[PDB]
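Colleague:
4 protein chains.
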Amino acid sequence: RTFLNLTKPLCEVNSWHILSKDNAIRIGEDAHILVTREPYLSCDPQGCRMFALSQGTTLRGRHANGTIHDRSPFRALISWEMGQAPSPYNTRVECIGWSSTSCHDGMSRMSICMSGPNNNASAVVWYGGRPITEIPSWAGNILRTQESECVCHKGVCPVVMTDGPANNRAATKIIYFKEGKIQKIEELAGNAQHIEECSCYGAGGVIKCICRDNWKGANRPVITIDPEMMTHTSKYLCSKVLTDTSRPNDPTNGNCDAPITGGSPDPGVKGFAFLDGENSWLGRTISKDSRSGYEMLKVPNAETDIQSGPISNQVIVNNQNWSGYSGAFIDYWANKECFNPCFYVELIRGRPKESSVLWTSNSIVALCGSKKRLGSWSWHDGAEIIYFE
Amino acid sequence: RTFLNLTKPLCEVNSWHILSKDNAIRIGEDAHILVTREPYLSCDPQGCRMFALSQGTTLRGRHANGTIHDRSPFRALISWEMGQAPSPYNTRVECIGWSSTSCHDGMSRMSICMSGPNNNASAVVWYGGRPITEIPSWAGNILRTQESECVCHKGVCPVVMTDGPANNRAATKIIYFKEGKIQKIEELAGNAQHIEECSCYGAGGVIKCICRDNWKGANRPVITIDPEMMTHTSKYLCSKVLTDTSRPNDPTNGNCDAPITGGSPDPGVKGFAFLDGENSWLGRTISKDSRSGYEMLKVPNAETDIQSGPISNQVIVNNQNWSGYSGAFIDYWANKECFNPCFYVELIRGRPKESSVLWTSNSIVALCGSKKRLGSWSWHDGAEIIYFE
Amino acid sequence: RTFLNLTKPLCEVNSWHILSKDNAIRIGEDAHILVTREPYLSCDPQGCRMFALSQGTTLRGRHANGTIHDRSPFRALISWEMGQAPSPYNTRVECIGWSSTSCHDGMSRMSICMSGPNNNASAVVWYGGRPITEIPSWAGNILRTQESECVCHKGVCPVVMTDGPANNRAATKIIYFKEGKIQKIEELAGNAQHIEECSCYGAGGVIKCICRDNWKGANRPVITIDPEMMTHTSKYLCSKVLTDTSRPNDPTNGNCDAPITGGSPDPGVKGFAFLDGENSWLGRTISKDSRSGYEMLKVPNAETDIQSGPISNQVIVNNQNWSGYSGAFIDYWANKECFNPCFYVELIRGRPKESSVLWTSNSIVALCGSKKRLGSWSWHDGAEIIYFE
Amino acid sequence: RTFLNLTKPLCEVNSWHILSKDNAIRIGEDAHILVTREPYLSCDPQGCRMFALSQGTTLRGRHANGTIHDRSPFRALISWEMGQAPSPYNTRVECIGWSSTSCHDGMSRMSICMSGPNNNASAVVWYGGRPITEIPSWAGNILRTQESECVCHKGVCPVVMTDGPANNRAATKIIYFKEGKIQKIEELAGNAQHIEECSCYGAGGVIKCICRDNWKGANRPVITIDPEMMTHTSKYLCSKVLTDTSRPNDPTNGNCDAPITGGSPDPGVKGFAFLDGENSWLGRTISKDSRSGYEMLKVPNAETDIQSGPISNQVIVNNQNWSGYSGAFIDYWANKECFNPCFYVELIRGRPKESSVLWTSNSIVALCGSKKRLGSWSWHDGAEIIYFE
Ligand SMILES: CC(=O)N[C@H]1[C@H]([C@H](O)[C@H](O)CO)O[C@@](O)(C(=O)O)C[C@@H]1O
Ligand SMILES: CC(=O)N[C@H]1[C@H]([C@H](O)[C@H](O)CO)O[C@@](O)(C(=O)O)C[C@@H]1O
Ligand SMILES: CC(=O)N[C@H]1[C@H]([C@H](O)[C@H](O)CO)O[C@@](O)(C(=O)O)C[C@@H]1O
Ligand SMILES: CC(=O)N[C@H]1[C@H]([C@H](O)[C@H](O)CO)O[C@@](O)(C(=O)O)C[C@@H]1O
Ligand SMILES: CC(=O)N[C@H]1[C@H]([C@H](O)[C@H](O)CO)O[C@@](O)(C(=O)O)C[C@@H]1O
Ligand SMILES: CC(=O)N[C@H]1[C@H]([C@H](O)[C@H](O)CO)O[C@@](O)(C(=O)O)C[C@@H]1O
Ligand SMILES: CC(=O)N[C@H]1[C@H]([C@H](O)[C@H](O)CO)O[C@@](O)(C(=O)O)C[C@@H]1O
Ligand SMILES: CC(=O)N[C@H]1[C@H]([C@H](O)[C@H](O)CO)O[C@@](O)(C(=O)O)C[C@@H]1O
Ligand SMILES: *[C@@H]1O[C@H](CO)[C@@H](O)[C@H](O)[C@H]1NC(C)=O
Ligand SMILES: [Ca+2]
Ligand SMILES: [Ca+2]
Ligand SMILES: [Ca+2]
Ligand SMILES: [Ca+2]
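As given, the protein sequences belong to chains C, D, B and A, one line each in that order.
Take the first sequence: its position 379, counting from 1, is numbered 2466 in PDB author numbering, and each next residue is one higher.
Take the second sequence: its position 268, counting from 1, is numbered 3355 in PDB author numbering, and each next residue is one higher.
Take the third sequence: its position 299, counting from 1, is numbered 1386 in PDB author numbering, and each next residue is one higher.
Take the fourth sequence: its position 207, counting from 1, is numbered 294 in PDB author numbering, and each next residue is one higher.
1) Residue ranges of each beta strand (DSSP E) run of no fewer than 3 residues wholly in the segment 3363 to 3444 of chain D, ordered along the chain?
2) How would you call B:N1177, buried or exposed, if buried means at least 16 neighbouring beta carbons within 10 angstroms?
3) If we cut at 7 Å on Cβ distances, does B:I1272 have a partner in chain A?
4) Please classify A:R460: is it buried, with 16 or more other beta-carbons within 10 angstroms of its beta-carbon, or exposed?
5) Throw me the rounded Cβ distance for the B:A1415 and D:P3175 pair, which I believe falls under 8 Å.
6) Three Cβ pairs or more, each shorter than 8 Å: is that satisfied between the segment 417 to 424 of chain A and the segment 130 to 146 of chain A?
7) For C:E2168, which of C:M2137, C:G2304, C:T2145 has the nearest alpha-carbon?
8) Hey, would you say A:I312 sits closer than 7 Å to A:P245, going by beta carbons?
9) Measure the beta-carbon distance from B:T1330 to B:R1371 and round it to whole angstroms, keeping in mind my assumption that it falls under 8 Å.
10) Give the secondary structure of B:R1460 by DSSP, where H, G and I count as helix, E and B as strand, and everything else as coil.
11) So with CB distances below 7 Å, who are the chain B contacts of A:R460?
12) Cβ of D:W3466 versus every heavy atom of ligand 4: is any distance shorter than 6 Å?
13) Taking 6 Å as the cut-off, does the CB of A:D300 come closer than this to any heavy atom belonging to ligand 13?
14) Cβ atoms of C:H2240 and C:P2352: under 7 Å apart, would you say?
15) Hey, is residue 3478 of chain D's beta-carbon within less than 7 Å of any beta-carbon in chain B?
16) Is any heavy atom of ligand 5 found at a distance shorter than 6 Å from the C-beta of B:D1157?
17) Between the segment 2356 to 2365 of chain C and the segment 2335 to 2342 of chain C, are three or more C-beta pairs nearer than 8 Å?
18) With DSSP as the reference, label C:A2290 as helix, strand or coil.
19) Name the residue from B:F1361, B:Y1263, B:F1264, B:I1269 whose alpha carbon lies nearest to the alpha carbon of residue 1478 of chain B.
20) Specify the secondary structure class of C:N2206 as computed by DSSP and reduced to three states.
21) Would you mind sorting D:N3205 into buried or exposed? The rule is 16 or more other CB atoms within 10 Å of its CB.
22) For ligand 1, any of its heavy atoms closer than 6 Å to the Cβ of C:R2231?
23) Just the Cα atoms here: how many angstroms apart are A:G148 and D:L3445?
24) Sort out for me which residues DSSP pairs D:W3213 with in a bridge.
25) Per DSSP, what kind of secondary structure is B:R1124 in: helix, strand or coil?
26) Taking B:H1104 as the query, report the chain D residues whose CB atoms sit under 8 Å from its CB, ordered along the chain.
27) Verify whether the separation of the beta carbon atoms of D:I3112 and C:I2183 is less than 7 Å.
28) Where do the ends of the alpha helix (DSSP H) carrying C:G2115 lie?
29) Going along chain A, which residues have a C-beta under 8 Å from C:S2174?
30) For chain A, find out if any of its Cβ atoms is closer than 7 Å to the Cβ of B:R1436; answer yes or no.
31) Any contact of the segment 3374 to 3386 of chain D with the segment 3394 to 3407 of chain D, i.e. 3+ C-beta pairs under 8 Å?
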């Protein structure tokens, strides 16, 4: 056991293979499955786990009614063995709250959750399963964070947090942790105009966080973090291939340093990309308006070229099925000379798009890169809504 | 592993951060969750766990009917991973009976349960998960104990027990254990006139037990124990801020050495406080009459000053929601230079306050000290009783 | 770490303290609890576990219907953490069949199950979780064994087995195992005329098995086994206090060497006793006709004196409640200078005594000796049969 | 821990003893049990586990409806502790997909699953719980594999795969893995004309794979693999005792080098055999037409003599009960001088044979060889289909 160092480059990726799928809604139709949303996966030296914000009720329970609501005193971050569906019997409570992140540094796991009222939230930072630090809201408006895993290097794990408006300038900070203790706090710098729900990974000693601009941009903000110097820079993804949801049609040219407006009717969704020159892949919903479908697009130089377009594609979820948030993770402890990109897609079921039921929940699908040319099919949730009526 | 020694001082506390909530009643409305009461938490070198007295049925089961009853041959102390809800599938039986205490001495856990008929109860003392000692009733009237964790120092774990009337003078003893064997027994001494359900913690080589006087006082008795000499003193919390339930209004002056009587209609409830000069916090139900709401009041010198009032407060459970028992615990194995205060609140649902159902049970919330000034909100149970009708 | 040696003497016993109780039937009214019968307990260096023969269905399942039947291809020996109820989620399948025994030699656990048709059953002997040895029926009539734990000394664990009529002379053997391999087989010798379902325990290098004579005696046969020499003798309990069920009134004198007959209407039930001169205790159903109630009786010199009677008694289950099989076990790995006797009572619910349901199952209660004079109460099953109607 | 090698000989087998049975359909009538099919068992240094392809839904759930269907994005290979029934709470996801194999090389477990659309399937190869290698379909027609365990020798684990028509010549390959990495690929060679679903086992440094010819033969193809040279040969079982399902009556002579045609109405079923000169056993369904009943036949020189007939038999499942797939496995880590043959029988319930329900699933029974002459009885599933109507 030692601290993880981000000493390896990203593996070449040409295709995406299936890693895990929990079929939670299908199973939760009759088994005791907790309602969730905002899932992800995170790994450690022993393997990978799935994570999500429980709503403190089962899917078939009468308390599933009303779970469209994002914040309550009944939510908590829970983790479970990858592949299983989350039940009250197989899940570990990482922390209490309604927004979270988590990562392993090679020694222990840090987990963070925000809870409390809108104008007075606080974060609690846990390490090795114990509470270490507490951070009060600094802008009095829903202190909140990534909703996917953080990334560590030589013991130092940066985390992106925001507090302030969802539709206006907000106060974002990069907080650098070691064993759950604050090493440094920076205010967000650079040209990104709004930051939410960053999806982050590391490679070659560099951490990149592709985030959600909920205020103006249909293009995604990118923050580049040096976890050794504990400094960062920010801007937008340059590609004309817009990846936020509710975006206009892709334009002739993207914009590296300003948001591209437009889209209807959603201001944003969590998402991700892996940016590695020619070896760059962008995820997005297939629908430009809604959280339906999901596609991976290989867009060489998407980080630096406003003219970059797709040279290959892979449908992860067809546009006849619902998707949701998407984010990045990597099994940094794999026995490979490169760090292989993985991602998950949250498959939201229920409200508001399916209003024949009273609840909102999701299942999870996750895939990682392949150098091979693999065939594919749609990994939709798979549940029949009529069965819940 | 080594014996825990109470060598550290209490951490400074200015507010309370969320530690855990199990949402047991919400989840138990449709998953297989045990009916409980008298819950608490207790930690060890590896972490913290939740404890409670099962009723030997699930919340939705037909045998949940009648569970307002406190004592039966179908109760047992159970423990389980912090944050999970107590099911028949994830709970460890610590011992059999209907009143208990438990604590880890740094090497192993000691667990104690009382069972039997009112006029002939006995305690069984467990250590390392094996029964070590048995203790028969000495006053033939519901031999009973703490209903929250005991505390250990150099292997010596004092426990406060009582046998005798609930509504008149009784026979309290402090029994000193090491590896589940009786080292010494003392009869209660000092100015506390009635002792029940003590909530105890350790700091700076001194163990403090804040208890319930079910006979006269609305102020809580306080026993101070020297675990090395195995001797003690007792009196009452000096503060005018009364913390028992069914208490009258706070008077102008409290009384260190005599009970402050009054209040209606109930003689008492298990509660707690941390007492450390200016760094003192008293918990109580917000209602002076019923087990509803729960608030933490910072009252400097509450332990010694009859005129001490609150300088701050934090609502833990709003007064439109049910509370219950409350008690102290500490993660004595945390990687801190001080012992940080934690507490839990039992959130009782069902009878007698909610008679639309035939059962009585509870969920749990737990919080710990923070040196920061954190925002707060209500951590009420969150179940809808109508769903159970 | 090492093979257990039976070198310690039995602890002095003056009353019985509660060890465990699973409340399976109460819990199983709603939770997913397996139908069982023929339970017992058995310990190893880490702790104690509960055992029983599942019927391959849950209590509330439609397949619980018809579970009065003793033998099917759907039964198996399962073990689980002491105190929990047996569910499909927390039980380990030891082996497959419809008669069993099990014991730990200090290194690993041996478990044995018989299965197959009446005229052609077979035993499979398991060790450390792997199948070691198979034993075919020698008399073509329901090869069967103890239905409670065996006992090992220096790695040698003798097991008593019977093959032959239940209501006439049969063929009993003592098979000595080591690591699941047969070391020696002996034909039953001595004065016991019929042997079934032996309840065995060890002390001072000697193993005593108290059994059920289903053919003639209402007094119980006693087999004494020397595990080093691998030899034995047999006779009956001498006491006039008869302990099998469906017995006549206790006569003026018992008989050391021949069966005391009589009783109505059933030939036998599994039972046990601890025999240590003055320190001797006999368990039996309170009713002399049916398996109801259960009492422990201290009968000095029960093993040698035909006029020995009780000098103390403890009611374990009141005569208004159903009991069932009873058997011996000891936690040989306790941190004590003596081996402390323990026993369990099988609490049978359903058919044939409770015919308003279609199933037969049980719950378990277990107790151990105390040197103290402890109060007591009835530890009956606690389920309300009407809730299953 | 070392790499396992196959130098030991097969144990002599004269009868079959019961190893395990999970009773999953009986139990799943009321507990939360996953719908499965294509089960098997596989062992490692610690013991054995049960495997199967889940359908991503419980047996009682509404999504059970439609589970006759073999391939969907909702299936996954799951493993669990031998003897338990597969629930959402005790199952490990080995990989995602609708065809699999798995085996332990003495150091870690390799698991492989195929998923994707019929024309573009892909395999993901896992080792030690991590994804290692991906393989795209090469014939573009349902790439598929063994549905029972693979076998490893000195780090090398051969796997047989097929891609192509089910009803005509297809493209079978042997792929040799080491730590999940491809060491070599071979096209099928020899006189076997069609290969599906091989049941494989090792002894004397040689792996034999007994398969299913779904195109022509009612006799079973046999593939002999040398795991050191990484080469193979193929032909058919010589015996007149035909072991596929939907076969004609046994002819007077079998055929070592060509398929024997006939039987109605089904083209084949996964099965197995142990081939060891005189010590040879063939399994098959009792019915020549349908997947009903199951018998083991000892047929000396079945691998080499076309006139070889049975010299003994054992009924495993009577012909009044449904059977299904059957396959081979061995506990190669047993403490024995020889490798003892084991096998399982999949017990299919529901569609198409039991059309009164909407689902298809199964339970499992497994047996291993014995040198003794043990009696036997039928180990059928035991659920009442009426209870599911
Ligand atoms: C802390 C919190 O409530 N986060 C919520 C965020 C915010 O609403 C937006 O990022 C605006 O800040 O996104 C969601 O609401 C959403 O769009 O589904 C889900 C998530 O629970
Ligand atoms: C899951 C689904 O049905 N998605 C469909 C959506 C939704 O019906 C609307 O977004 C509802 O507002 O509409 C589309 O035009 C889109 O947005 O891509 C087509 C897509 O197939
Ligand atoms: C052993 C026992 O019965 N303890 C019970 C005590 C006593 O009744 C009082 O302390 C009076 O002695 O408090 C309760 O009843 C109560 O107030 O809810 C709960 C608890 O179960
Ligand atoms: C949980 C709850 O509703 N509490 C309410 C109680 C209860 O109605 C009574 O205690 C029932 O006896 O009444 C109050 O006046 C009080 O006690 O402060 C107001 C409080 O909001
Ligand atoms: C193997 C077997 O069937 N054992 C059964 C035995 C025998 O019937 C008797 O000992 C007569 O041999 O006792 C029972 O039937 C019984 O009385 O409740 C239960 C047990 O299952
Ligand atoms: C559990 C129970 O009800 N036991 C009762 C039994 C049974 O009813 C009969 O044995 C059934 O045949 O009858 C008694 O006379 C007896 O045996 O002592 C009284 C006892 O209270
Ligand atoms: C990958 C796949 O679908 N395998 C299926 C195979 C193929 O149909 C045949 O081997 C023909 O190739 O056999 C089954 O269908 C069957 O007979 O019950 C079950 C199994 O799921
Ligand atoms: C389980 C069962 O009932 N099997 C019966 C089968 C099936 O009914 C048919 O195969 C359905 O196609 O028919 C038989 O003639 C046979 O196959 O030997 C008799 C056998 O008892
Ligand atoms: C096979 O394993 C055995 C037992 O570990 C070992 O003695 C032998 O050297 C190995 N044989 C080969 C050929 O590797
Ligand atoms: Ca946006
Ligand atoms: Ca009081
Ligand atoms: Ca008898
Ligand atoms: Ca065929």
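Virtual Cβ for every residue (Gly too), placed ideally from N, Cα, C.
Modeller: Taking the geometry as given:
1) DSSP runs (the beta strand (DSSP E)) wholly in the segment 3363 to 3444 of chain D: 3368 to 3371, 3379 to 3385, 3399 to 3409, 3413 to 3417, 3428 to 3437.
2) Buried: at least 16 other Cβ atoms inside 10 Å.
3) Not closer than 7 Å to any Cβ of chain A, the Cβ of B:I1272 fails to qualify, so no.
4) It is exposed - the Cβ of A:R460 has fewer than 16 other Cβ atoms within 10 Å.
5) Contact between B:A1415 and D:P3175 does not hold, since their C-beta atoms are separated by about 27 Å, which reaches or exceeds 8 Å.
6) Output reads yes: the segment 130 to 146 of chain A touches the segment 417 to 424 of chain A.
7) With distances taken between Cα atoms, C:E2168 lies closest to C:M2137.
8) A:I312 is a Cβ neighbour of A:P245, given a cutoff of 7 Å.
9) Sure, about 4 Å apart at Cβ, within 8 Å.
10) Secondary structure at B:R1460: coil, using DSSP grouped into helix, strand and coil.
11) Think of a sphere of 7 Å around the beta carbon of A:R460: the chain B residues whose beta carbon falls inside it are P1223, in chain order.
12) For ligand 4, not one heavy atom lies less than 6 Å from the Cβ of D:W3466.
13) Taking non-hydrogen atoms of ligand 13 into account, the C-beta of A:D300 is found less than 6 Å away from one of them.
14) In this structure, the beta-carbon distance from C:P2352 to C:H2240 does not fall below 7 Å.
15) A query on residue 3478 of chain D cannot be resolved here, the shown segment of chain D reaching from 3088 to 3476 and no further.
16) Yes, the Cβ of B:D1157 comes within 6 Å of a heavy atom of ligand 5.
17) They do not touch, by the three-pair rule.
18) In the three-state scheme derived from DSSP, where H, G and I count as helix and E and B as strand, C:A2290 is classed as strand.
19) Look at the range of chain B in this structure, 1088 to 1476, and you will see that residue 1478 of chain B is not part of it.
20) C:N2206: helix per DSSP, three-state reduction.
21) Exposed.
22) C:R2231 Cβ: within cutoff of ligand 1.
23) The straight-line gap from Cα to Cα measures roughly 30 Å.
24) DSSP, once it has assigned bridges, lists D:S3198, D:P3218 as partnering D:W3213.
25) B:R1124: strand per DSSP, three-state reduction.
26) Contact of B:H1104 with chain D by beta-carbon distance below 8 Å involves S3209, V3211, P3218, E3221.
27) The answer is no: Cβ separation not under 7 Å.
28) Looking at the DSSP string, the run of the alpha helix (DSSP H) that includes C:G2115 is 2111 to 2115.
29) The contacting residues are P175, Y176.
30) With 7 Å as the cut-off, B:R1436 does not count as an interface residue toward chain A.
31) Short answer: they touch.
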